[PDB]
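Shown below: start_20.cif, with mmCIF, C-alpha atoms and all ligand atoms.
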data_coords
loop_
_atom_site.group_PDB
_atom_site.id
_atom_site.type_symbol
_atom_site.label_atom_id
_atom_site.label_comp_id
_atom_site.auth_asym_id
_atom_site.auth_seq_id
_atom_site.Cartn_x
_atom_site.Cartn_y
_atom_site.Cartn_z
ATOM 1 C CA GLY S 2 23.143 -6.355 13.748
ATOM 2 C CA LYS S 3 20.910 -4.110 15.851
ATOM 3 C CA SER S 4 21.702 -2.982 19.366
ATOM 4 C CA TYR S 5 18.808 -0.832 20.491
ATOM 5 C CA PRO S 6 19.455 1.913 22.991
ATOM 6 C CA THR S 7 18.031 1.932 26.476
ATOM 7 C CA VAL S 8 15.246 4.405 27.079
ATOM 8 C CA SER S 9 13.708 5.268 30.426
ATOM 9 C CA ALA S 10 10.536 3.745 31.798
ATOM 10 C CA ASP S 11 8.694 7.048 31.233
ATOM 11 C CA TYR S 12 9.751 6.970 27.574
ATOM 12 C CA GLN S 13 8.417 3.448 27.189
ATOM 13 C CA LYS S 14 5.142 4.414 28.833
ATOM 14 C CA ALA S 15 4.701 7.263 26.373
ATOM 15 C CA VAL S 16 5.416 4.949 23.449
ATOM 16 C CA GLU S 17 2.672 2.643 24.576
ATOM 17 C CA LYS S 18 0.170 5.441 25.140
ATOM 18 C CA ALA S 19 1.120 7.175 21.844
ATOM 19 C CA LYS S 20 0.621 3.898 20.027
ATOM 20 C CA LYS S 21 -2.970 3.657 21.289
ATOM 21 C CA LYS S 22 -3.774 7.297 20.597
ATOM 22 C CA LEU S 23 -2.307 6.978 17.095
ATOM 23 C CA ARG S 24 -4.551 4.022 16.331
ATOM 24 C CA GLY S 25 -7.700 5.945 17.207
ATOM 25 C CA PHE S 26 -6.570 9.136 15.457
ATOM 26 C CA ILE S 27 -5.408 7.458 12.239
ATOM 27 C CA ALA S 28 -8.512 5.258 12.037
ATOM 28 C CA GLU S 29 -10.751 8.275 12.605
ATOM 29 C CA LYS S 30 -9.039 10.503 10.014
ATOM 30 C CA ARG S 31 -8.806 7.727 7.418
ATOM 31 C CA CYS S 32 -5.211 8.826 6.891
ATOM 32 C CA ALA S 33 -3.350 5.531 7.311
ATOM 33 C CA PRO S 34 -1.889 5.489 3.771
ATOM 34 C CA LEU S 35 -0.626 9.045 4.100
ATOM 35 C CA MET S 36 0.991 8.259 7.444
ATOM 36 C CA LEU S 37 2.716 5.183 5.974
ATOM 37 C CA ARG S 38 4.042 7.376 3.155
ATOM 38 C CA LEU S 39 5.269 9.883 5.741
ATOM 39 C CA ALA S 40 7.150 7.170 7.664
ATOM 40 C CA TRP S 41 8.682 5.696 4.532
ATOM 41 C CA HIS S 42 9.728 8.998 3.087
ATOM 42 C CA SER S 43 11.255 9.711 6.410
ATOM 43 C CA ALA S 44 13.316 6.526 6.383
ATOM 44 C CA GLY S 45 13.938 6.092 2.650
ATOM 45 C CA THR S 46 16.549 8.833 2.445
ATOM 46 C CA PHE S 47 19.173 6.752 4.266
ATOM 47 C CA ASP S 48 22.480 6.325 2.536
ATOM 48 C CA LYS S 49 24.506 3.505 4.033
ATOM 49 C CA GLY S 50 27.914 4.549 2.649
ATOM 50 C CA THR S 51 27.726 7.951 4.301
ATOM 51 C CA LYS S 52 25.263 7.114 7.092
ATOM 52 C CA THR S 53 23.296 10.225 6.195
ATOM 53 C CA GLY S 54 19.504 10.596 6.056
ATOM 54 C CA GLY S 55 17.072 8.066 7.436
ATOM 55 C CA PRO S 56 14.301 8.117 10.061
ATOM 56 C CA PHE S 57 15.634 10.889 12.317
ATOM 57 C CA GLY S 58 12.755 13.346 12.393
ATOM 58 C CA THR S 59 13.972 15.649 9.598
ATOM 59 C CA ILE S 60 10.925 15.438 7.362
ATOM 60 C CA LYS S 61 9.034 17.946 9.474
ATOM 61 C CA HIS S 62 11.642 20.574 8.501
ATOM 62 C CA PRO S 63 10.192 22.826 5.760
ATOM 63 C CA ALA S 64 13.362 22.284 3.656
ATOM 64 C CA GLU S 65 12.662 18.544 3.534
ATOM 65 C CA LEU S 66 8.913 18.996 3.109
ATOM 66 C CA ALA S 67 9.693 21.173 0.113
ATOM 67 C CA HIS S 68 11.233 18.239 -1.771
ATOM 68 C CA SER S 69 8.948 17.424 -4.679
ATOM 69 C CA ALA S 70 8.898 13.755 -3.656
ATOM 70 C CA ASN S 71 7.263 14.883 -0.442
ATOM 71 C CA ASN S 72 4.395 16.842 -2.020
ATOM 72 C CA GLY S 73 1.383 16.536 0.286
ATOM 73 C CA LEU S 74 3.350 15.274 3.287
ATOM 74 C CA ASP S 75 2.989 18.628 4.970
ATOM 75 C CA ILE S 76 -0.701 17.680 5.569
ATOM 76 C CA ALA S 77 0.499 14.600 7.428
ATOM 77 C CA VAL S 78 2.977 16.509 9.554
ATOM 78 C CA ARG S 79 0.308 19.097 10.430
ATOM 79 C CA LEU S 80 -2.236 16.395 11.229
ATOM 80 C CA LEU S 81 0.080 14.763 13.770
ATOM 81 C CA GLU S 82 1.383 17.829 15.567
ATOM 82 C CA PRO S 83 -1.424 18.162 18.162
ATOM 83 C CA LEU S 84 -1.031 14.496 19.144
ATOM 84 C CA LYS S 85 2.766 14.754 19.130
ATOM 85 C CA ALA S 86 2.516 17.653 21.549
ATOM 86 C CA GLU S 87 0.798 15.347 24.036
ATOM 87 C CA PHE S 88 3.983 13.265 24.036
ATOM 88 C CA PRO S 89 6.784 15.802 24.453
ATOM 89 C CA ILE S 90 9.187 13.118 25.698
ATOM 90 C CA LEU S 91 9.142 11.187 22.413
ATOM 91 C CA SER S 92 11.442 12.132 19.515
ATOM 92 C CA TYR S 93 9.674 13.150 16.273
ATOM 93 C CA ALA S 94 11.835 10.441 14.704
ATOM 94 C CA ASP S 95 10.254 7.687 16.842
ATOM 95 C CA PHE S 96 6.814 9.344 16.607
ATOM 96 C CA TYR S 97 6.649 9.243 12.806
ATOM 97 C CA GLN S 98 7.956 5.675 12.612
ATOM 98 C CA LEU S 99 5.404 4.645 15.260
ATOM 99 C CA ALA S 100 2.694 6.285 13.147
ATOM 100 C CA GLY S 101 3.856 4.198 10.168
ATOM 101 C CA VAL S 102 3.716 0.978 12.177
ATOM 102 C CA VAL S 103 0.265 1.842 13.454
ATOM 103 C CA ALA S 104 -0.991 2.803 9.960
ATOM 104 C CA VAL S 105 -0.158 -0.755 8.840
ATOM 105 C CA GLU S 106 -1.785 -2.346 11.897
ATOM 106 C CA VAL S 107 -5.028 -0.412 11.874
ATOM 107 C CA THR S 108 -5.629 -1.199 8.210
ATOM 108 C CA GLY S 109 -5.328 -4.906 9.045
ATOM 109 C CA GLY S 110 -1.674 -5.516 8.270
ATOM 110 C CA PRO S 111 1.023 -7.362 10.188
ATOM 111 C CA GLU S 112 2.296 -6.170 13.533
ATOM 112 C CA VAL S 113 5.662 -4.622 12.732
ATOM 113 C CA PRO S 114 8.062 -4.769 15.703
ATOM 114 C CA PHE S 115 8.894 -1.304 17.060
ATOM 115 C CA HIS S 116 11.898 -0.281 19.145
ATOM 116 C CA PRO S 117 12.271 3.264 20.503
ATOM 117 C CA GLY S 118 15.397 5.381 20.715
ATOM 118 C CA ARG S 119 15.793 7.326 17.447
ATOM 119 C CA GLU S 120 17.217 10.793 18.013
ATOM 120 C CA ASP S 121 16.053 13.890 16.107
ATOM 121 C CA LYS S 122 18.950 15.088 13.921
ATOM 122 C CA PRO S 123 19.415 18.681 12.777
ATOM 123 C CA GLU S 124 20.248 18.282 9.095
ATOM 124 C CA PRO S 125 17.865 16.920 6.487
ATOM 125 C CA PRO S 126 19.597 14.919 3.743
ATOM 126 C CA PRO S 127 19.932 16.292 0.243
ATOM 127 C CA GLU S 128 16.934 15.961 -2.061
ATOM 128 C CA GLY S 129 16.740 13.269 -4.743
ATOM 129 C CA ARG S 130 17.236 10.010 -2.851
ATOM 130 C CA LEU S 131 13.666 8.681 -2.976
ATOM 131 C CA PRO S 132 12.685 6.408 -5.897
ATOM 132 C CA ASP S 133 11.424 7.829 -9.181
ATOM 133 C CA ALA S 134 8.097 6.307 -10.200
ATOM 134 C CA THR S 135 8.943 6.442 -13.877
ATOM 135 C CA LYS S 136 12.062 4.319 -13.639
ATOM 136 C CA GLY S 137 12.621 0.551 -13.372
ATOM 137 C CA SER S 138 14.453 -2.280 -11.637
ATOM 138 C CA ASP S 139 17.965 -0.984 -11.984
ATOM 139 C CA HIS S 140 16.851 2.255 -10.375
ATOM 140 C CA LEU S 141 15.017 0.439 -7.575
ATOM 141 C CA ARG S 142 18.178 -1.499 -6.750
ATOM 142 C CA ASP S 143 20.239 1.674 -6.766
ATOM 143 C CA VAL S 144 17.907 3.268 -4.243
ATOM 144 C CA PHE S 145 16.819 0.431 -1.959
ATOM 145 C CA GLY S 146 20.040 -1.599 -2.226
ATOM 146 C CA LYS S 147 23.048 0.578 -2.888
ATOM 147 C CA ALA S 148 21.791 3.540 -0.844
ATOM 148 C CA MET S 149 19.538 2.089 1.822
ATOM 149 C CA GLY S 150 21.122 -1.383 1.982
ATOM 150 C CA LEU S 151 17.875 -3.410 1.767
ATOM 151 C CA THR S 152 17.421 -6.703 -0.119
ATOM 152 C CA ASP S 153 15.670 -7.538 -3.392
ATOM 153 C CA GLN S 154 13.057 -9.341 -1.296
ATOM 154 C CA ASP S 155 12.569 -6.179 0.784
ATOM 155 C CA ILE S 156 12.008 -4.150 -2.392
ATOM 156 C CA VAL S 157 9.110 -6.265 -3.582
ATOM 157 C CA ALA S 158 7.459 -6.644 -0.154
ATOM 158 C CA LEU S 159 7.743 -2.882 0.580
ATOM 159 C CA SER S 160 6.273 -2.105 -2.827
ATOM 160 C CA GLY S 161 3.194 -3.877 -1.423
ATOM 161 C CA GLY S 162 2.642 -0.842 0.841
ATOM 162 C CA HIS S 163 0.799 0.505 -2.241
ATOM 163 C CA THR S 164 -1.939 -1.955 -1.272
ATOM 164 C CA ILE S 165 -3.303 1.000 0.706
ATOM 165 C CA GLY S 166 -3.753 4.547 -0.501
ATOM 166 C CA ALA S 167 -3.800 6.335 -3.819
ATOM 167 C CA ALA S 168 -1.832 8.800 -5.926
ATOM 168 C CA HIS S 169 -3.064 12.352 -6.440
ATOM 169 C CA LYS S 170 -2.628 14.434 -9.574
ATOM 170 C CA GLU S 171 -1.827 17.503 -7.489
ATOM 171 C CA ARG S 172 0.852 15.650 -5.467
ATOM 172 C CA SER S 173 2.883 13.305 -7.712
ATOM 173 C CA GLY S 174 0.696 13.793 -10.789
ATOM 174 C CA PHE S 175 -0.300 10.142 -10.848
ATOM 175 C CA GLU S 176 -3.916 9.497 -9.777
ATOM 176 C CA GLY S 177 -6.059 6.849 -8.087
ATOM 177 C CA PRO S 178 -5.735 3.770 -5.901
ATOM 178 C CA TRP S 179 -3.770 0.599 -6.713
ATOM 179 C CA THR S 180 -6.557 -1.530 -5.210
ATOM 180 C CA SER S 181 -10.288 -1.778 -4.894
ATOM 181 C CA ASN S 182 -9.986 -1.715 -1.062
ATOM 182 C CA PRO S 183 -7.397 1.039 -0.439
ATOM 183 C CA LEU S 184 -7.891 1.238 3.328
ATOM 184 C CA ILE S 185 -7.439 -2.532 3.687
ATOM 185 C CA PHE S 186 -3.895 -3.900 4.032
ATOM 186 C CA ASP S 187 -3.859 -7.120 2.021
ATOM 187 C CA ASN S 188 -2.035 -8.705 -0.953
ATOM 188 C CA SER S 189 -4.367 -7.138 -3.535
ATOM 189 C CA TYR S 190 -1.605 -4.904 -4.832
ATOM 190 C CA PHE S 191 0.148 -8.017 -6.194
ATOM 191 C CA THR S 192 -3.027 -9.646 -7.467
ATOM 192 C CA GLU S 193 -3.946 -6.504 -9.431
ATOM 193 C CA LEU S 194 -0.401 -6.274 -10.799
ATOM 194 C CA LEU S 195 -0.584 -9.785 -12.180
ATOM 195 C CA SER S 196 -4.119 -9.570 -13.672
ATOM 196 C CA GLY S 197 -3.404 -6.741 -16.004
ATOM 197 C CA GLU S 198 -4.679 -3.225 -16.180
ATOM 198 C CA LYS S 199 -8.164 -2.874 -14.685
ATOM 199 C CA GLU S 200 -10.081 0.337 -15.294
ATOM 200 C CA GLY S 201 -9.890 2.827 -12.420
ATOM 201 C CA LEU S 202 -6.816 1.271 -10.729
ATOM 202 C CA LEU S 203 -3.220 2.620 -10.897
ATOM 203 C CA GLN S 204 0.095 0.984 -11.875
ATOM 204 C CA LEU S 205 3.270 3.139 -11.806
ATOM 205 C CA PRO S 206 6.134 2.194 -14.144
ATOM 206 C CA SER S 207 8.034 1.290 -10.918
ATOM 207 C CA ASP S 208 5.316 -1.226 -9.939
ATOM 208 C CA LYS S 209 5.336 -2.761 -13.403
ATOM 209 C CA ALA S 210 9.127 -3.182 -13.270
ATOM 210 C CA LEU S 211 8.512 -5.852 -10.656
ATOM 211 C CA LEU S 212 6.752 -8.048 -13.237
ATOM 212 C CA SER S 213 9.662 -8.180 -15.711
ATOM 213 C CA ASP S 214 12.665 -8.540 -13.423
ATOM 214 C CA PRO S 215 13.824 -12.120 -12.968
ATOM 215 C CA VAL S 216 14.311 -11.875 -9.174
ATOM 216 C CA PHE S 217 11.337 -9.646 -8.421
ATOM 217 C CA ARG S 218 8.697 -11.573 -10.427
ATOM 218 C CA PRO S 219 8.856 -14.833 -8.382
ATOM 219 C CA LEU S 220 8.233 -12.698 -5.247
ATOM 220 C CA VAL S 221 5.226 -10.937 -6.808
ATOM 221 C CA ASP S 222 3.862 -14.393 -7.593
ATOM 222 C CA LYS S 223 4.548 -15.727 -4.108
ATOM 223 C CA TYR S 224 2.840 -12.711 -2.519
ATOM 224 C CA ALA S 225 -0.197 -12.894 -4.857
ATOM 225 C CA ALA S 226 -0.596 -16.550 -3.981
ATOM 226 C CA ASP S 227 0.213 -16.378 -0.264
ATOM 227 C CA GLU S 228 -0.910 -13.345 1.764
ATOM 228 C CA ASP S 229 0.637 -14.810 4.951
ATOM 229 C CA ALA S 230 4.010 -14.942 3.191
ATOM 230 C CA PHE S 231 3.478 -11.364 2.085
ATOM 231 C CA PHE S 232 2.720 -10.263 5.665
ATOM 232 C CA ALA S 233 5.855 -11.972 7.058
ATOM 233 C CA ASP S 234 8.163 -10.489 4.452
ATOM 234 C CA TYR S 235 6.392 -7.087 4.681
ATOM 235 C CA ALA S 236 6.890 -6.927 8.462
ATOM 236 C CA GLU S 237 10.560 -7.864 8.182
ATOM 237 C CA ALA S 238 11.162 -5.215 5.502
ATOM 238 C CA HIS S 239 9.227 -2.447 7.203
ATOM 239 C CA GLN S 240 11.064 -3.064 10.465
ATOM 240 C CA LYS S 241 14.413 -2.825 8.635
ATOM 241 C CA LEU S 242 13.334 0.279 6.764
ATOM 242 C CA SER S 243 12.135 1.971 9.975
ATOM 243 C CA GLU S 244 15.491 1.229 11.580
ATOM 244 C CA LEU S 245 17.900 2.328 8.871
ATOM 245 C CA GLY S 246 20.896 4.042 10.372
ATOM 246 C CA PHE S 247 19.485 3.379 13.824
ATOM 247 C CA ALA S 248 20.976 1.132 16.493
ATOM 248 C CA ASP S 249 23.723 0.297 13.964
ATOM 249 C CA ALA S 250 22.820 1.321 10.422
HETATM 250 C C1 LIG N 301 9.231 1.289 -4.848
HETATM 251 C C2 LIG N 301 9.437 2.554 -5.048
HETATM 252 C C3 LIG N 301 8.259 3.521 -4.830
HETATM 253 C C4 LIG N 301 7.891 4.518 -5.630
HETATM 254 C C5 LIG N 301 8.496 4.835 -7.006
HETATM 255 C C6 LIG N 301 6.735 5.164 -5.064
HETATM 256 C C7 LIG N 301 6.029 6.207 -5.626
HETATM 257 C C8 LIG N 301 4.823 6.657 -5.148
HETATM 258 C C9 LIG N 301 4.021 7.679 -5.698
HETATM 259 C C10 LIG N 301 4.445 8.428 -7.003
HETATM 260 C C11 LIG N 301 2.930 7.827 -4.939
HETATM 261 C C12 LIG N 301 1.731 8.786 -5.083
HETATM 262 C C13 LIG N 301 1.825 10.046 -4.200
HETATM 263 C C14 LIG N 301 0.628 10.950 -4.472
HETATM 264 O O1 LIG N 301 0.544 11.430 -5.622
HETATM 265 O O2 LIG N 301 -0.131 11.187 -3.565
HETATM 266 C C15 LIG N 301 2.985 6.926 -3.837
HETATM 267 C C16 LIG N 301 2.038 6.836 -2.869
HETATM 268 C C17 LIG N 301 2.113 5.967 -1.800
HETATM 269 N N1 LIG N 301 3.235 5.224 -1.425
HETATM 270 FE FE1 LIG N 301 4.829 4.842 -2.655
HETATM 271 N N2 LIG N 301 6.468 4.534 -3.890
HETATM 272 C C18 LIG N 301 7.407 3.571 -3.672
HETATM 273 C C19 LIG N 301 7.479 2.790 -2.551
HETATM 274 C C20 LIG N 301 6.711 2.855 -1.439
HETATM 275 C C21 LIG N 301 6.983 2.174 -0.177
HETATM 276 C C22 LIG N 301 8.312 1.412 -0.020
HETATM 277 C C23 LIG N 301 5.961 2.377 0.643
HETATM 278 C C24 LIG N 301 5.726 1.956 2.106
HETATM 279 C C25 LIG N 301 5.846 0.717 2.462
HETATM 280 C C26 LIG N 301 5.001 3.211 -0.028
HETATM 281 C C27 LIG N 301 3.814 3.636 0.392
HETATM 282 C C28 LIG N 301 2.982 4.474 -0.293
HETATM 283 C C29 LIG N 301 1.651 4.735 0.121
HETATM 284 C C30 LIG N 301 0.892 4.171 1.306
HETATM 285 C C31 LIG N 301 1.093 5.723 -0.832
HETATM 286 C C32 LIG N 301 -0.368 6.254 -0.776
HETATM 287 C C33 LIG N 301 -0.361 7.649 -0.131
HETATM 288 C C34 LIG N 301 -1.806 8.219 -0.029
HETATM 289 O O3 LIG N 301 -2.725 7.532 -0.169
HETATM 290 O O4 LIG N 301 -1.838 9.425 0.215
HETATM 291 N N3 LIG N 301 5.492 3.423 -1.274
HETATM 292 N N4 LIG N 301 4.186 6.275 -4.014
HETATM 293 K K K N 302 -5.886 -3.220 -0.474
#
Using the file provided, produce a representation of the structure as C-alpha cells.
Amino acid sequence: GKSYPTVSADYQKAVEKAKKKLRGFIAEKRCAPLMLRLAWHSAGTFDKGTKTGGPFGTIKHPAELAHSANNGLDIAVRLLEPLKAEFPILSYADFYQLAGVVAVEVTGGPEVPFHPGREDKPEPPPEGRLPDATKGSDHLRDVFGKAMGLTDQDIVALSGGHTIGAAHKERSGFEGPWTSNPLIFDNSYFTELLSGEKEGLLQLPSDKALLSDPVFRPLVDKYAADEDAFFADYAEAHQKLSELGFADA
C-alpha cells in the first residue's frame, strides 16, 4: 500500500551522492551498528492508530535524544551532521533512514530498497514506545505489531539487526556484542541464540524470548539454517520499518 511521493531530479541526485558518501564515512568510522540503531530508533516510535512518531527526522531534537532508550544516539547525530550539511536539500528524515540502509549494506547485508520523500516533522513522539530489553514476546508484539503494525516475521528478522554491534554499560547497561564478528552482517545472531550462552557474547531477555515463542522459534531456526532466507526477510522488514507512516502508513 505505498505510494511514494515525487521528488525533483536534484533531490534524487543528492540521494545518490549522499548514499556514496555515507558508505565511505560509515565504513571509515566503524559506526555502522550505531547508525542502524539511529535509523531504527527513529522509525520504531510509529504508532499506527494515531499515525504519530516514525521516521520523520525528530530524533535529532534534544527532547527525543534525551529519551533513555536513545542513550548514546547523540554521538550518531553529531557524527552525521557535517555530512548532512553537504546535502541541504535532503530531509533529516530521509538522511537518517539512508544511513541505516547504508549501514546494513557496508557491513555485507542485503540491499534494502530506499525511496525518498520523508518530510521532517516538528513534534517528537512521546517517550516510551521503543521495546524494553527485559520483557518478552507479548511485549514485542505490543510494540512491533499493535503500535508499528509489523508482522511476527518482521519481528524476528529485525531482531537479527543485533548481528552487528554491541551493548554498552554506560548506554543501556547491557554490555558486549551478540556475535563474534560484530561488524559483519550475517545470520550469526541466530546461530549464537540457538547454541546457548557462549562466554563473552550477549543475549538480552528480548532476544531469548524468540526461542520460546511458538511462532518466533521456527523463524529463528529458518534464519540460522538459511542466511539467504534471513537476508530476504530482513530486507523486507527493514524497508517496511523505514517507511512506517510514510507514503501511506
Ligand atoms: C526487538 C526489540 C529490541 C530491543 C529490546 C533492543 C534493545 C537493544 C539494546 C538494549 C541495545 C544496546 C544499546 C547500548 O547499550 O549501546 C541495542 C543495541 C543495538 N540494536 Fe537493538 N533492540 C531491539 C531491536 C532492534 C532492531 C529492530 C534493530 C535494527 C534492525 C536493532 C539494532 C541494534 C543495533 C545495531 C545495536 C548495536 C548498537 C551499537 O553497536 O552501538 N535493534 N538494542
Ligand atoms: K555478525
Mind pulling up the distance from atom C30 of ligand LIG 301 (chain N) to CA of residue 121 in chain S?
23.3 Å
Please write as an NGL selection string the full residue list that the PyMOL selection byres (((not hetatm)) within 7 of (chain N and resi 302)) yields on this file.
:S and (164-165 or 180-190)
Determine, counting all atoms listed in the file, which protein, DNA and RNA residues have an atom within 12 Å of an atom of range 170-173 of chain S; residues of the same chain fewer than 5 positions away are not included. Present the result as a CSV table (one decimal) with C-alpha atoms, keeping the file's coordinate frame.
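The resulting file, around.csv, is shown below:
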chain,number,residue,atom,x,y,z
S,35,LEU,CA,-0.6,9.0,4.1
S,67,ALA,CA,9.7,21.2,0.1
S,68,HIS,CA,11.2,18.2,-1.8
S,69,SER,CA,8.9,17.4,-4.7
S,70,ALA,CA,8.9,13.8,-3.7
S,71,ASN,CA,7.3,14.9,-0.4
S,72,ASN,CA,4.4,16.8,-2.0
S,73,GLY,CA,1.4,16.5,0.3
S,74,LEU,CA,3.4,15.3,3.3
S,75,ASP,CA,3.0,18.6,5.0
S,76,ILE,CA,-0.7,17.7,5.6
S,133,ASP,CA,11.4,7.8,-9.2
S,134,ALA,CA,8.1,6.3,-10.2
S,135,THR,CA,8.9,6.4,-13.9
S,178,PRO,CA,-5.7,3.8,-5.9
S,203,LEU,CA,-3.2,2.6,-10.9
S,205,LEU,CA,3.3,3.1,-11.8
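Between residue 204 in chain S and the candidates S:240, S:192, S:4, S:154, the tightest atom-to-atom separation, counting all atoms listed in the file, involves S:192.
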Please report, as a Markdown table, each residue of chain S lying at most 7 Å from ligand LIG 301 (chain N), together with the nearest pair of atoms and the separation in Å rounded to one decimal; use all atoms listed in the file, and order rows by chain and ascending residue number.
| residue | atom | partner | partner_atom | distance |
| --- | --- | --- | --- | --- |
| S:34 | CA | N:LIG301 | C30 | 3.9 |
| S:35 | CA | N:LIG301 | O4 | 4.1 |
| S:37 | CA | N:LIG301 | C30 | 5.1 |
| S:38 | CA | N:LIG301 | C28 | 4.6 |
| S:41 | CA | N:LIG301 | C24 | 5.3 |
| S:73 | CA | N:LIG301 | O2 | 6.8 |
| S:132 | CA | N:LIG301 | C5 | 4.6 |
| S:133 | CA | N:LIG301 | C5 | 4.7 |
| S:134 | CA | N:LIG301 | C5 | 3.5 |
| S:141 | CA | N:LIG301 | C1 | 6.5 |
| S:156 | CA | N:LIG301 | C1 | 6.6 |
| S:159 | CA | N:LIG301 | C22 | 4.4 |
| S:160 | CA | N:LIG301 | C1 | 4.9 |
| S:161 | CA | N:LIG301 | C25 | 6.6 |
| S:162 | CA | N:LIG301 | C25 | 3.9 |
| S:163 | CA | N:LIG301 | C29 | 4.9 |
| S:165 | CA | N:LIG301 | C30 | 5.3 |
| S:166 | CA | N:LIG301 | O3 | 3.2 |
| S:167 | CA | N:LIG301 | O3 | 4.0 |
| S:168 | CA | N:LIG301 | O1 | 3.6 |
| S:169 | CA | N:LIG301 | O1 | 3.8 |
| S:170 | CA | N:LIG301 | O1 | 5.9 |
| S:171 | CA | N:LIG301 | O1 | 6.8 |
| S:172 | CA | N:LIG301 | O1 | 4.2 |
| S:173 | CA | N:LIG301 | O1 | 3.7 |
| S:174 | CA | N:LIG301 | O1 | 5.7 |
| S:175 | CA | N:LIG301 | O1 | 5.4 |
| S:176 | CA | N:LIG301 | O1 | 6.4 |
| S:207 | CA | N:LIG301 | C5 | 5.3 |
| S:208 | CA | N:LIG301 | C1 | 6.9 |
| S:239 | CA | N:LIG301 | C25 | 6.6 |
At a cut-off of 9 Å, using all atoms listed in the file, what residues contact residue 113 in chain S? Leave out same-chain residues fewer than 3 positions from it and give the result as a ChimeraX atom specification.
/S:102-103,105-106,110,235-237,239-240
S:17, S:48, S:29, S:11 ranked by distance to residue 144 in chain S, top pick (using only C-alpha atoms):
S:48
Once you add 5 Å to each side, what are the centre and edge lengths of the axis-aligned box holding all listed atoms of range 84-95 of chain S? One decimal in Å, as lines of an AutoDock Vina configuration file, if you can.
center_x = 5.4
center_y = 12.7
center_z = 20.2
size_x = 22.9
size_y = 20.0
size_z = 21.0
